[PDB]
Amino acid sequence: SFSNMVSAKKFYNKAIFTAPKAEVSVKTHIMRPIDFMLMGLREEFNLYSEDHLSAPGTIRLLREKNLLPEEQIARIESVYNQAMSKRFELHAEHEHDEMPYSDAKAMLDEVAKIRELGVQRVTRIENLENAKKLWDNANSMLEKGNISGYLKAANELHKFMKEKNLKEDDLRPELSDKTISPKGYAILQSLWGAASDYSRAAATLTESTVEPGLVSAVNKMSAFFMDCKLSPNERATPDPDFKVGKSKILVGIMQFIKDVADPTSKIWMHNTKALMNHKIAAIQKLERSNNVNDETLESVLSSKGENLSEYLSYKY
């Protein structure tokens, strides 16, 4: 949650502690890394028990909730136990915290793996910090009504997470910090409905592949932005007292499709970008008079420019 993962990665960077130059202290090279490594696993997963706060308790929780691969948990257990045994063995003789080099051979080669779980963990946290930003300006574009930018940003968000191999679940915890406006939900609500309409409307007897496909793809992206904030089936709370113009947002979706569609992309007999323009003009023309309604918009959303006389009147 708001359990600063910036600190979880502080505890992880501190554990990453590093190998010896040949000469190895059991405190500074092994037990200390692990104790920070456990506090890192504590702050990353918000590890809470109404009963932590113990090293075995923390290990017990990780197993209970499959928060980490078993092979990786057991490895932390086997090493912390061996460290425990060694500190005791050494405090019972003659340096009390330092041992010979060749004895620690097997232990350190298992600590190196835990350092690998260190970096792998830290990296994804850093990639999550970035995904926090990208989502945060998408919601910020949404906040100021600019639909052009919202769809551009939500796409940049999506592209990053695929690249850095992240999921909706991964981002949701550290988004407890921000909130989507109730009026911002009404925009998303509008965006959702217009796209849902458009996609089905554009499935016609001329063509039912490219155009609905594209429209759905826009709608999934807006849905993906939503999924990043909300849990499965968690309802959205819109402000019905504030509603965006359906014609305005339809043009928005249209602009966005122009920018992301291939130059080689074609809807039926026409180029996709070209048809978007034609459909943009037609609505802007409806907007310019006072003819924008559900019946009259549907006519545009469903057209494939099969009337070439009409389609070609816009060019000349």
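In this text, residue numbers run from 1 along the sequence as written.
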Count class of coordinate-free deposited residues lying between the neighbours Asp51 and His52: 1 to 3
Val24 preceded by how many uncoordinated deposited residues after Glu23: 1 to 3
Mean C-alpha temperature factor, higher of 186-194 and 236-244: 236-244
Selected stretch [higher average CA B-factor]: 306-314 or 1-9: 1-9
Out of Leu275, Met269, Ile253, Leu41, highest CA B-factor residue: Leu41
Selection by C-alpha B-factor (highest) of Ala153, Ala104, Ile76, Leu90: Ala104
Third of the chain's Cα B-factor distribution that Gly149 belongs to, per the entry: middle
Record-listed C-alpha B factor of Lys132: chain third: middle
Third assignment of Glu207 from its chain's C-alpha B-factors: lowest
CA B-factor ranking of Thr123, expressed as a third of its chain: middle
Where the record places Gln72 (Cα B-factor, split into thirds across the chain): middle
